[PDB]
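**Q** I have a structure I would like to understand better, so I am pasting it below and will then ask my questions one at a time.
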Amino acid sequence: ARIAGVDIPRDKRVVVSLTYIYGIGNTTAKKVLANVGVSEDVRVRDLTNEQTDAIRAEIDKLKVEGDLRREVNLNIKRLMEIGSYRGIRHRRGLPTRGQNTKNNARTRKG
Amino acid sequence: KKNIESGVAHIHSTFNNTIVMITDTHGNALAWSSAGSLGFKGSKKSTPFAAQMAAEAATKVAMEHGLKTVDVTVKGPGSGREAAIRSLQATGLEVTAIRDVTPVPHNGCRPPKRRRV
Amino acid sequence: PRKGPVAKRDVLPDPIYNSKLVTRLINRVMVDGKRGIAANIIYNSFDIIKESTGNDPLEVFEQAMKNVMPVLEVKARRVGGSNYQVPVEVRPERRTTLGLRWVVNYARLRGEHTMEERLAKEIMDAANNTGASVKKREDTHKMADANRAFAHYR
RNA sequence: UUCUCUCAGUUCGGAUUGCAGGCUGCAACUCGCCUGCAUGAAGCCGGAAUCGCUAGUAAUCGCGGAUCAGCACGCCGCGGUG
(Lines give C-alpha, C1' and ligand atoms only; values in the text may rest on other atoms or scores of the structure.)
Protein backbone atom coordinates (compact mmCIF):
# COMPACT_ATOMS: atom_id res chain seq x y z
CA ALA A 1 0.00 0.00 0.00
CA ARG A 2 0.79 1.16 -2.45
CA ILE A 3 3.97 -0.67 -3.41
CA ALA A 4 6.25 0.79 -0.75
CA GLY A 5 5.73 2.99 2.27
CA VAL A 6 2.55 4.71 1.12
CA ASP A 7 0.78 5.65 -2.08
CA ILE A 8 2.79 5.48 -5.27
CA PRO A 9 0.69 7.62 -7.64
CA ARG A 10 -1.49 6.36 -10.46
CA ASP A 11 -1.68 7.16 -14.18
CA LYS A 12 2.12 7.61 -14.53
CA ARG A 13 4.90 5.25 -15.53
CA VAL A 14 6.71 3.35 -12.79
CA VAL A 15 10.13 4.90 -13.47
CA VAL A 16 8.67 8.24 -12.38
CA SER A 17 6.03 7.27 -9.82
CA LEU A 18 8.68 5.38 -7.86
CA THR A 19 10.39 8.74 -7.26
CA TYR A 20 7.73 9.75 -4.75
CA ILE A 21 9.20 7.66 -1.89
CA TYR A 22 11.73 9.47 0.30
CA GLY A 23 15.06 8.00 -0.71
CA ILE A 24 14.45 7.01 -4.33
CA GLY A 25 15.71 9.54 -6.84
CA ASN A 26 15.97 8.85 -10.55
CA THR A 27 18.88 6.48 -11.13
CA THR A 28 17.86 4.39 -8.14
CA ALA A 29 14.45 3.78 -9.69
CA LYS A 30 16.19 2.71 -12.90
CA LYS A 31 18.42 0.26 -11.07
CA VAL A 32 15.55 -1.19 -9.03
CA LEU A 33 13.34 -1.67 -12.09
CA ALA A 34 16.27 -3.20 -13.98
CA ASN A 35 17.27 -5.78 -11.35
CA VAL A 36 13.81 -7.27 -11.98
CA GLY A 37 13.00 -6.65 -15.64
CA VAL A 38 10.01 -4.30 -15.54
CA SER A 39 9.57 -1.60 -18.19
CA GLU A 40 7.19 1.38 -18.31
CA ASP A 41 4.77 0.36 -21.05
CA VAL A 42 3.55 2.84 -21.57
CA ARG A 43 2.38 5.85 -19.54
CA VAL A 44 0.40 3.99 -16.89
CA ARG A 45 0.73 1.68 -13.90
CA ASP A 46 -1.18 -1.41 -15.01
CA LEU A 47 1.16 -3.83 -13.28
CA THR A 48 0.50 -7.31 -11.95
CA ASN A 49 0.49 -8.54 -8.37
CA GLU A 50 3.73 -10.29 -9.26
CA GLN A 51 5.22 -7.05 -10.56
CA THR A 52 4.09 -5.11 -7.49
CA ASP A 53 5.55 -7.68 -5.11
CA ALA A 54 8.65 -7.85 -7.29
CA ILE A 55 9.28 -4.10 -7.05
CA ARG A 56 8.18 -4.19 -3.39
CA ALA A 57 10.57 -6.81 -2.06
CA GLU A 58 13.64 -5.11 -3.51
CA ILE A 59 12.97 -1.67 -2.00
CA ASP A 60 13.28 -3.39 1.39
CA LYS A 61 17.03 -3.64 0.78
CA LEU A 62 17.38 0.17 0.83
CA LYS A 63 16.80 2.96 3.38
CA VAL A 64 13.73 4.48 1.68
CA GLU A 65 11.45 5.23 4.64
CA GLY A 66 11.19 7.15 7.89
CA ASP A 67 14.28 5.10 8.68
CA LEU A 68 16.25 7.67 6.64
CA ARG A 69 14.85 10.80 8.26
CA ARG A 70 16.06 9.36 11.55
CA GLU A 71 19.60 9.03 10.20
CA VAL A 72 19.72 12.59 8.85
CA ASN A 73 18.14 14.02 12.00
CA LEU A 74 20.52 12.30 14.38
CA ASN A 75 23.44 13.36 12.18
CA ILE A 76 22.68 17.05 12.59
CA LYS A 77 21.99 16.24 16.25
CA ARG A 78 25.47 14.81 16.73
CA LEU A 79 26.86 17.85 14.93
CA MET A 80 25.38 20.52 17.16
CA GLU A 81 26.32 18.83 20.47
CA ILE A 82 30.10 18.47 20.40
CA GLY A 83 31.61 21.80 19.50
CA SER A 84 30.72 22.44 16.85
CA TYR A 85 31.24 25.14 14.23
CA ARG A 86 28.91 23.52 11.71
CA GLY A 87 26.28 22.85 14.37
CA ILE A 88 26.57 26.35 15.78
CA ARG A 89 25.51 27.58 12.35
CA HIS A 90 22.81 24.90 12.12
CA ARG A 91 21.40 26.50 15.28
CA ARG A 92 21.21 30.02 13.81
CA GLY A 93 19.67 29.50 10.38
CA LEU A 94 22.91 30.54 8.69
CA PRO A 95 24.78 28.96 5.77
CA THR A 96 26.91 26.11 7.07
CA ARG A 97 29.40 25.88 4.20
CA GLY A 98 30.88 29.39 3.89
CA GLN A 99 28.66 31.64 1.84
CA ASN A 100 29.49 35.32 2.47
CA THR A 101 26.20 36.34 4.00
CA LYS A 102 25.02 39.42 2.08
CA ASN A 103 21.98 37.85 0.42
CA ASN A 104 22.73 34.17 0.72
CA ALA A 105 20.52 33.48 3.60
CA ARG A 106 17.08 34.25 2.16
CA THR A 107 16.87 30.51 1.60
CA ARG A 108 18.58 29.63 4.89
CA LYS A 109 16.82 32.24 7.07
CA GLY A 110 13.70 33.30 5.14
CA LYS B 1 -44.17 63.51 -19.93
CA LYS B 2 -45.51 66.69 -21.60
CA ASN B 3 -44.06 65.33 -24.87
CA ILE B 4 -42.48 68.71 -25.46
CA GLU B 5 -40.35 67.81 -28.52
CA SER B 6 -38.75 71.28 -28.57
CA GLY B 7 -36.28 73.28 -26.53
CA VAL B 8 -32.90 74.97 -26.31
CA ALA B 9 -29.57 73.82 -24.86
CA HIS B 10 -27.70 76.16 -22.51
CA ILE B 11 -23.93 75.69 -22.28
CA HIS B 12 -22.00 77.35 -19.45
CA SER B 13 -18.30 76.52 -19.81
CA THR B 14 -15.68 78.25 -17.68
CA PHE B 15 -11.97 77.63 -17.26
CA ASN B 16 -12.38 74.89 -14.67
CA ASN B 17 -15.81 73.27 -15.16
CA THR B 18 -18.59 72.79 -17.71
CA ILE B 19 -22.38 72.74 -17.25
CA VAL B 20 -24.98 71.88 -19.87
CA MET B 21 -28.67 72.31 -19.07
CA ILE B 22 -31.40 71.52 -21.60
CA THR B 23 -34.64 73.41 -21.06
CA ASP B 24 -37.72 73.73 -23.23
CA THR B 25 -38.53 76.64 -25.53
CA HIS B 26 -39.15 78.80 -22.47
CA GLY B 27 -37.63 78.73 -19.01
CA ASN B 28 -38.56 75.68 -16.95
CA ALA B 29 -35.82 73.05 -16.87
CA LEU B 30 -36.01 69.39 -17.86
CA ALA B 31 -32.56 67.78 -17.64
CA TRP B 32 -29.04 68.89 -16.76
CA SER B 33 -25.58 67.58 -15.97
CA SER B 34 -22.02 68.74 -15.36
CA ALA B 35 -18.55 67.25 -15.18
CA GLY B 36 -18.59 67.14 -11.39
CA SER B 37 -21.76 65.04 -11.39
CA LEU B 38 -19.78 62.41 -13.33
CA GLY B 39 -17.30 61.62 -10.55
CA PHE B 40 -14.58 63.78 -12.15
CA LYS B 41 -12.56 65.99 -9.81
CA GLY B 42 -10.30 69.01 -9.87
CA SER B 43 -8.26 69.58 -13.02
CA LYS B 44 -10.11 67.15 -15.29
CA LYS B 45 -13.41 69.00 -15.07
CA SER B 46 -12.29 71.21 -17.98
CA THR B 47 -11.13 68.73 -20.62
CA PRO B 48 -13.61 68.32 -23.49
CA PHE B 49 -14.26 64.64 -22.74
CA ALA B 50 -16.01 65.75 -19.56
CA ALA B 51 -18.22 67.97 -21.70
CA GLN B 52 -18.73 64.98 -23.99
CA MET B 53 -20.16 62.70 -21.35
CA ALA B 54 -22.08 65.51 -19.64
CA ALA B 55 -23.82 66.41 -22.89
CA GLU B 56 -24.61 62.71 -23.24
CA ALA B 57 -26.04 62.34 -19.75
CA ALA B 58 -28.27 65.33 -20.41
CA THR B 59 -29.52 64.28 -23.85
CA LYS B 60 -30.19 60.66 -22.84
CA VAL B 61 -32.72 61.99 -20.32
CA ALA B 62 -34.12 64.85 -22.37
CA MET B 63 -35.09 62.45 -25.15
CA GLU B 64 -36.56 60.14 -22.50
CA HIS B 65 -39.40 62.67 -22.66
CA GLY B 66 -39.54 63.21 -26.43
CA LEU B 67 -37.31 65.87 -27.92
CA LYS B 68 -35.88 66.71 -31.33
CA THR B 69 -35.80 70.49 -31.76
CA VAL B 70 -33.00 72.28 -29.92
CA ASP B 71 -30.85 75.39 -30.21
CA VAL B 72 -27.53 76.19 -28.58
CA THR B 73 -26.74 79.35 -26.61
CA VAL B 74 -23.16 79.22 -25.36
CA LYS B 75 -22.10 81.41 -22.45
CA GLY B 76 -18.84 80.63 -20.78
CA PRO B 77 -15.64 81.62 -22.55
CA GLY B 78 -13.98 78.25 -21.99
CA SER B 79 -12.72 75.37 -24.12
CA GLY B 80 -15.05 72.38 -24.62
CA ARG B 81 -17.95 74.42 -25.98
CA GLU B 82 -17.89 72.59 -29.33
CA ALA B 83 -17.29 69.10 -27.96
CA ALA B 84 -20.53 69.70 -26.11
CA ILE B 85 -22.25 70.28 -29.46
CA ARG B 86 -20.66 67.31 -31.21
CA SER B 87 -22.03 65.13 -28.43
CA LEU B 88 -25.36 66.98 -28.56
CA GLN B 89 -26.01 66.00 -32.19
CA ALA B 90 -24.37 62.57 -32.45
CA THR B 91 -26.51 60.97 -29.71
CA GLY B 92 -29.85 61.90 -31.26
CA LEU B 93 -30.85 65.54 -30.93
CA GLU B 94 -31.72 67.93 -33.77
CA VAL B 95 -29.48 70.98 -33.34
CA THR B 96 -30.41 73.84 -35.67
CA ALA B 97 -29.19 77.09 -34.04
CA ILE B 98 -25.88 78.13 -32.54
CA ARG B 99 -25.57 81.52 -30.85
CA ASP B 100 -23.07 83.14 -28.50
CA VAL B 101 -24.29 84.80 -25.31
CA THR B 102 -21.29 86.26 -23.52
CA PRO B 103 -21.88 89.23 -21.20
CA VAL B 104 -19.82 92.14 -22.45
CA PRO B 105 -19.96 95.19 -20.16
CA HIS B 106 -19.75 98.61 -21.76
CA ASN B 107 -17.11 99.52 -19.14
CA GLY B 108 -19.16 99.46 -15.95
CA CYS B 109 -17.60 97.46 -13.09
CA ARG B 110 -14.05 97.01 -11.85
CA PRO B 111 -12.31 93.62 -11.99
CA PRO B 112 -10.10 92.07 -9.28
CA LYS B 113 -6.34 92.31 -8.74
CA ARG B 114 -3.95 90.79 -11.25
CA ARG B 115 -2.38 87.64 -9.80
CA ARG B 116 1.39 87.63 -9.20
CA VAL B 117 2.24 83.99 -9.88
CA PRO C 1 15.82 60.74 -37.34
CA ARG C 2 16.57 64.46 -37.43
CA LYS C 3 18.13 64.73 -40.88
CA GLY C 4 15.18 63.28 -42.77
CA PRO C 5 13.32 60.13 -43.78
CA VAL C 6 15.16 56.86 -44.23
CA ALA C 7 14.99 53.72 -46.38
CA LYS C 8 12.56 50.80 -46.20
CA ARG C 9 14.63 47.65 -45.46
CA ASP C 10 14.10 45.46 -48.52
CA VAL C 11 13.09 41.87 -47.79
CA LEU C 12 13.98 38.60 -49.51
CA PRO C 13 10.90 36.65 -50.69
CA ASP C 14 10.90 33.14 -49.27
CA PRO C 15 11.35 30.47 -51.95
CA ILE C 16 8.56 28.05 -50.99
CA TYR C 17 5.54 30.21 -51.82
CA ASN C 18 7.47 33.15 -53.36
CA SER C 19 5.60 35.59 -51.12
CA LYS C 20 7.23 38.37 -49.11
CA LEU C 21 4.33 38.29 -46.64
CA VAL C 22 5.21 34.76 -45.52
CA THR C 23 8.76 36.03 -45.07
CA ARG C 24 7.66 38.74 -42.66
CA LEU C 25 5.42 36.25 -40.86
CA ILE C 26 8.40 33.94 -40.38
CA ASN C 27 10.41 36.90 -39.13
CA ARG C 28 7.78 37.81 -36.56
CA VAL C 29 7.38 34.32 -35.08
CA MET C 30 11.14 33.92 -34.75
CA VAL C 31 12.66 34.61 -31.33
CA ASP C 32 16.40 34.74 -30.52
CA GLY C 33 17.39 34.23 -34.16
CA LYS C 34 16.30 30.58 -34.27
CA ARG C 35 14.80 30.79 -37.73
CA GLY C 36 14.52 27.13 -38.72
CA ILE C 37 12.13 26.56 -35.83
CA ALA C 38 9.96 29.46 -36.99
CA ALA C 39 9.99 28.10 -40.54
CA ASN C 40 8.98 24.61 -39.40
CA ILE C 41 6.17 26.18 -37.36
CA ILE C 42 4.75 28.20 -40.24
CA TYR C 43 4.92 25.28 -42.66
CA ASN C 44 3.24 22.86 -40.25
CA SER C 45 0.54 25.45 -39.65
CA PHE C 46 -0.14 25.85 -43.37
CA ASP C 47 -0.19 22.06 -43.83
CA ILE C 48 -2.78 21.96 -41.04
CA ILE C 49 -4.81 24.69 -42.77
CA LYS C 50 -4.99 23.02 -46.17
CA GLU C 51 -5.53 19.50 -44.82
CA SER C 52 -8.50 20.53 -42.66
CA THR C 53 -11.26 22.43 -44.47
CA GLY C 54 -8.96 24.49 -46.64
CA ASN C 55 -8.34 25.60 -50.20
CA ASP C 56 -4.79 27.04 -50.22
CA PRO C 57 -2.73 28.61 -47.41
CA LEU C 58 -2.06 31.85 -49.31
CA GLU C 59 -5.72 32.59 -50.01
CA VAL C 60 -7.14 32.19 -46.51
CA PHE C 61 -4.07 33.92 -45.08
CA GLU C 62 -4.57 36.97 -47.28
CA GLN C 63 -8.25 37.12 -46.40
CA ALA C 64 -7.45 36.89 -42.69
CA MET C 65 -4.94 39.70 -43.13
CA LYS C 66 -7.56 41.80 -44.91
CA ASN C 67 -10.07 41.28 -42.11
CA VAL C 68 -7.62 42.23 -39.33
CA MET C 69 -5.60 45.18 -40.62
CA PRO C 70 -6.71 48.60 -39.32
CA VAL C 71 -7.68 51.69 -41.29
CA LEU C 72 -8.03 54.40 -38.60
CA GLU C 73 -5.53 54.74 -35.77
CA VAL C 74 -5.19 57.56 -33.25
CA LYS C 75 -2.11 59.15 -31.69
CA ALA C 76 -1.96 60.50 -28.15
CA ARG C 77 -0.08 63.80 -28.27
CA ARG C 78 1.08 66.63 -26.03
CA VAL C 79 0.54 70.33 -26.75
CA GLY C 80 1.70 72.52 -23.87
CA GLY C 81 1.10 70.56 -20.69
CA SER C 82 -2.23 68.89 -21.40
CA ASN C 83 -2.30 65.69 -23.44
CA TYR C 84 -5.11 64.30 -25.59
CA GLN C 85 -5.48 61.88 -28.50
CA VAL C 86 -6.44 62.46 -32.12
CA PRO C 87 -7.19 60.11 -35.05
CA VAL C 88 -5.13 60.10 -38.24
CA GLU C 89 -4.88 58.04 -41.41
CA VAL C 90 -2.59 55.03 -41.73
CA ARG C 91 0.08 54.49 -44.37
CA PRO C 92 0.26 51.05 -46.00
CA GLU C 93 3.37 49.49 -44.45
CA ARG C 94 2.18 50.31 -40.94
CA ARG C 95 -1.05 48.47 -41.74
CA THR C 96 0.55 45.10 -42.52
CA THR C 97 2.96 45.68 -39.64
CA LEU C 98 0.06 45.98 -37.19
CA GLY C 99 -1.81 43.07 -38.75
CA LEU C 100 1.04 40.60 -38.44
CA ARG C 101 1.84 41.90 -34.96
CA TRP C 102 -1.68 41.40 -33.59
CA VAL C 103 -2.15 37.99 -35.19
CA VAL C 104 1.09 36.63 -33.74
CA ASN C 105 0.56 38.25 -30.33
CA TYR C 106 -2.93 36.82 -29.93
CA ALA C 107 -2.03 33.39 -31.28
CA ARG C 108 0.80 33.22 -28.75
CA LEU C 109 -1.78 33.59 -25.94
CA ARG C 110 -4.23 30.91 -27.10
CA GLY C 111 -3.81 28.00 -24.71
CA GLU C 112 -3.34 24.79 -26.67
CA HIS C 113 -0.37 22.44 -26.81
CA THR C 114 1.47 23.64 -29.93
CA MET C 115 2.28 26.92 -31.65
CA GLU C 116 0.90 25.40 -34.85
CA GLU C 117 -2.38 24.33 -33.25
CA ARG C 118 -2.51 27.97 -32.21
CA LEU C 119 -1.43 29.80 -35.39
CA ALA C 120 -3.43 27.80 -37.92
CA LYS C 121 -6.52 27.91 -35.70
CA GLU C 122 -6.16 31.64 -35.06
CA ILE C 123 -5.77 32.73 -38.67
CA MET C 124 -8.69 30.48 -39.62
CA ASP C 125 -10.79 32.14 -36.92
CA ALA C 126 -9.55 35.42 -38.37
CA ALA C 127 -10.51 34.70 -41.98
CA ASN C 128 -14.09 34.29 -40.69
CA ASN C 129 -14.33 37.64 -38.87
CA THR C 130 -13.68 36.19 -35.42
CA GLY C 131 -10.95 36.19 -32.81
CA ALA C 132 -9.42 38.75 -30.48
CA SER C 133 -7.45 40.16 -33.43
CA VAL C 134 -10.63 41.32 -35.19
CA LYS C 135 -11.95 42.58 -31.86
CA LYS C 136 -8.71 44.53 -31.41
CA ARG C 137 -9.22 46.12 -34.83
CA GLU C 138 -12.77 47.08 -33.89
CA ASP C 139 -11.67 48.51 -30.54
CA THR C 140 -9.29 50.70 -32.53
CA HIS C 141 -11.98 51.83 -34.97
CA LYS C 142 -14.29 52.61 -32.04
CA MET C 143 -11.67 54.66 -30.20
CA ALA C 144 -11.25 56.52 -33.45
CA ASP C 145 -14.44 57.95 -34.95
CA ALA C 146 -15.23 58.88 -31.37
CA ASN C 147 -12.14 60.76 -30.20
CA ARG C 148 -12.40 62.83 -33.38
CA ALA C 149 -14.16 65.30 -31.06
CA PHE C 150 -10.94 66.80 -29.74
CA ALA C 151 -9.30 66.12 -33.10
CA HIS C 152 -11.52 68.07 -35.48
CA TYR C 153 -9.11 71.03 -35.68
CA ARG C 154 -5.85 69.36 -34.60
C1' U D 1 16.56 13.35 -37.48
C1' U D 2 13.85 9.68 -34.51
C1' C D 3 11.30 7.87 -29.62
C1' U D 4 9.04 9.71 -25.56
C1' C D 5 6.48 13.21 -21.84
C1' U D 6 0.91 16.24 -21.76
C1' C D 7 -0.33 22.31 -19.15
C1' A D 8 0.68 20.23 -13.49
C1' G D 9 4.55 23.86 -8.60
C1' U D 10 5.01 19.18 -12.83
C1' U D 11 9.86 14.19 -15.77
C1' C D 12 9.80 22.78 -15.02
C1' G D 13 13.50 25.14 -11.49
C1' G D 14 18.23 23.60 -8.78
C1' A D 15 18.76 26.95 -3.85
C1' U D 16 19.80 24.36 0.93
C1' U D 17 21.27 20.21 3.79
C1' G D 18 23.31 14.44 4.86
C1' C D 19 26.93 10.76 3.40
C1' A D 20 31.10 9.03 0.32
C1' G D 21 35.23 10.51 -3.02
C1' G D 22 39.08 13.11 -6.43
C1' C D 23 43.05 17.11 -7.47
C1' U D 24 46.70 20.88 -6.45
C1' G D 25 49.52 22.11 -2.12
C1' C D 26 54.06 21.25 3.76
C1' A D 27 48.71 22.07 4.93
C1' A D 28 41.81 23.09 2.16
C1' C D 29 38.21 23.98 10.14
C1' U D 30 37.64 29.55 9.79
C1' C D 31 38.24 29.71 3.83
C1' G D 32 39.20 26.18 -2.58
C1' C D 33 37.46 23.86 -7.15
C1' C D 34 35.25 19.37 -9.02
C1' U D 35 32.40 14.12 -8.75
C1' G D 36 28.21 10.54 -7.15
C1' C D 37 23.99 9.01 -4.48
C1' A D 38 19.98 11.13 -1.37
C1' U D 39 16.81 15.96 -0.29
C1' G D 40 13.92 19.19 -3.70
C1' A D 41 13.08 26.21 -1.43
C1' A D 42 11.36 30.72 -3.66
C1' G D 43 9.74 31.25 -8.30
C1' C D 44 3.61 30.43 -12.71
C1' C D 45 6.80 36.86 -16.54
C1' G D 46 7.38 40.95 -12.08
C1' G D 47 3.98 48.87 -9.69
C1' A D 48 6.10 53.80 -9.47
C1' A D 49 10.13 54.35 -12.23
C1' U D 50 14.24 53.29 -15.34
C1' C D 51 18.28 51.12 -19.14
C1' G D 52 20.93 49.15 -24.15
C1' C D 53 20.68 49.37 -29.19
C1' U D 54 19.97 52.05 -36.38
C1' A D 55 22.54 45.78 -39.51
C1' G D 56 25.92 40.97 -39.76
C1' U D 57 23.86 45.57 -35.29
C1' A D 58 20.13 43.97 -31.20
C1' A D 59 18.81 38.92 -29.25
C1' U D 60 20.89 34.05 -28.53
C1' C D 61 25.19 29.96 -28.55
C1' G D 62 29.67 28.21 -27.50
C1' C D 63 35.62 28.56 -27.83
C1' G D 64 40.41 30.61 -26.40
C1' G D 65 44.16 33.45 -22.57
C1' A D 66 46.23 37.22 -19.53
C1' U D 67 46.83 36.73 -14.01
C1' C D 68 47.79 31.64 -12.06
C1' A D 69 50.14 24.89 -7.79
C1' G D 70 45.08 25.32 -7.42
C1' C D 71 40.76 28.86 -7.81
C1' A D 72 36.13 33.36 -12.73
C1' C D 73 28.71 34.07 -13.20
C1' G D 74 34.38 39.05 -13.77
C1' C D 75 37.79 41.09 -17.89
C1' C D 76 40.07 40.97 -23.02
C1' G D 77 39.23 38.57 -27.86
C1' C D 78 37.10 35.01 -31.56
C1' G D 79 33.42 32.97 -34.55
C1' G D 80 27.98 30.38 -35.42
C1' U D 81 22.38 31.39 -36.19
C1' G D 82 20.34 36.15 -37.12
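Going by the C-alpha coordinates order, chains are called A, B, ..., each with residues numbered from 1, while ligands are numbered from 1 in the order shown.
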Distance cut-off 10 Å, counting only C-alpha atoms (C1' of nucleotides) - which residues of chain C neighbour chain D? Return them as JSON, numbers by chain.
**A** {"C": [1, 30, 31, 32, 33, 34, 35, 36, 111, 112, 113]}
**Q** Suppose you want the space between CA of residue 2 in chain B and CA of residue 63 in chain B; what is it in Å?
**A**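 Computing it gives 11.8 Å between the two atoms.
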**Q** Could you check which of C:40, C:128, C:114, C:85 is closest to chain B, using only C-alpha atoms?
**A** C:85
**Q** Would you please give, as a PyMOL selection string, all residues of chain B that DSSP assigns to strand (DSSP E or B) based on the backbone?
**A** chain B and resi 8-13+18-23+29-34+69-74+94-100
**Q** As an NGL selection string, please: the residues near range 25-38 of chain D (cut-off 8 Å, only C-alpha atoms (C1' of nucleotides), same-chain neighbours under 6 positions excluded).
**A** (:A and (23-25 or 98)) or (:D and (18 or 69-71))
**Q** Could you save those same residues with N, CA and C atoms (P, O5', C5', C4', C3', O3' and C1' of nucleotides) as a PDB file, in the first residue's frame?
**A**
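part.pdb written:
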ATOM      1  N   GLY A  23      13.851   8.775  -0.641  1.00  0.00           N
ATOM      2  CA  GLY A  23      15.064   7.996  -0.706  1.00  0.00           C
ATOM      3  C   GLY A  23      15.270   7.327  -2.044  1.00  0.00           C
ATOM      4  N   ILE A  24      14.353   7.550  -2.980  1.00  0.00           N
ATOM      5  CA  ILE A  24      14.449   7.013  -4.334  1.00  0.00           C
ATOM      6  C   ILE A  24      14.454   8.188  -5.291  1.00  0.00           C
ATOM      7  N   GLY A  25      15.585   8.414  -5.943  1.00  0.00           N
ATOM      8  CA  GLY A  25      15.709   9.541  -6.839  1.00  0.00           C
ATOM      9  C   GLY A  25      15.308   9.198  -8.252  1.00  0.00           C
ATOM     10  N   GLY A  98      30.061  28.243   4.232  1.00  0.00           N
ATOM     11  CA  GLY A  98      30.876  29.389   3.890  1.00  0.00           C
ATOM     12  C   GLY A  98      30.235  30.068   2.707  1.00  0.00           C
TER      13      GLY A  98
ATOM     14  P     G D  18      25.100  19.293   6.432  1.00  0.00           P
ATOM     15  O5'   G D  18      24.514  17.836   6.168  1.00  0.00           O
ATOM     16  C5'   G D  18      23.875  17.099   7.198  1.00  0.00           C
ATOM     17  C4'   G D  18      23.699  15.648   6.827  1.00  0.00           C
ATOM     18  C3'   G D  18      24.962  14.881   6.479  1.00  0.00           C
ATOM     19  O3'   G D  18      25.659  14.422   7.620  1.00  0.00           O
ATOM     20  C1'   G D  18      23.314  14.442   4.856  1.00  0.00           C
ATOM     21  P     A D  69      51.556  29.710  -9.808  1.00  0.00           P
ATOM     22  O5'   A D  69      50.902  28.267  -9.856  1.00  0.00           O
ATOM     23  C5'   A D  69      51.673  27.134 -10.196  1.00  0.00           C
ATOM     24  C4'   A D  69      51.041  25.860  -9.700  1.00  0.00           C
ATOM     25  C3'   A D  69      49.559  25.675  -9.957  1.00  0.00           C
ATOM     26  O3'   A D  69      49.279  25.303 -11.292  1.00  0.00           O
ATOM     27  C1'   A D  69      50.144  24.888  -7.791  1.00  0.00           C
ATOM     28  P     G D  70      47.829  25.550 -11.936  1.00  0.00           P
ATOM     29  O5'   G D  70      46.806  25.315 -10.744  1.00  0.00           O
ATOM     30  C5'   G D  70      46.081  24.103 -10.625  1.00  0.00           C
ATOM     31  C4'   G D  70      45.166  24.129  -9.430  1.00  0.00           C
ATOM     32  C3'   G D  70      43.998  25.086  -9.513  1.00  0.00           C
ATOM     33  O3'   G D  70      42.908  24.506 -10.206  1.00  0.00           O
ATOM     34  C1'   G D  70      45.078  25.324  -7.421  1.00  0.00           C
ATOM     35  P     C D  71      42.226  25.244 -11.453  1.00  0.00           P
ATOM     36  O5'   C D  71      41.305  26.339 -10.772  1.00  0.00           O
ATOM     37  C5'   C D  71      40.283  25.950  -9.873  1.00  0.00           C
ATOM     38  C4'   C D  71      39.825  27.098  -9.015  1.00  0.00           C
ATOM     39  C3'   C D  71      39.495  28.379  -9.742  1.00  0.00           C
ATOM     40  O3'   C D  71      38.226  28.347 -10.356  1.00  0.00           O
ATOM     41  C1'   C D  71      40.758  28.860  -7.806  1.00  0.00           C
TER      42        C D  71
END
**Q** With 10 Å as the limit and counting only C-alpha atoms, what residues in chain C lie close to chain B? Please list them as a VMD selection string.
**A** chain C and resid 82 to 84 146 to 152
**Q** For chain A, list the residues within 10 Å of chain D, counting only C-alpha atoms (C1' of nucleotides), and write the list as a PyMOL selection string.
**A** chain A and resi 15-17+22-28+42-43+63-64+68-69+71-73+75-76+85-86+90+95-99+104-108+110
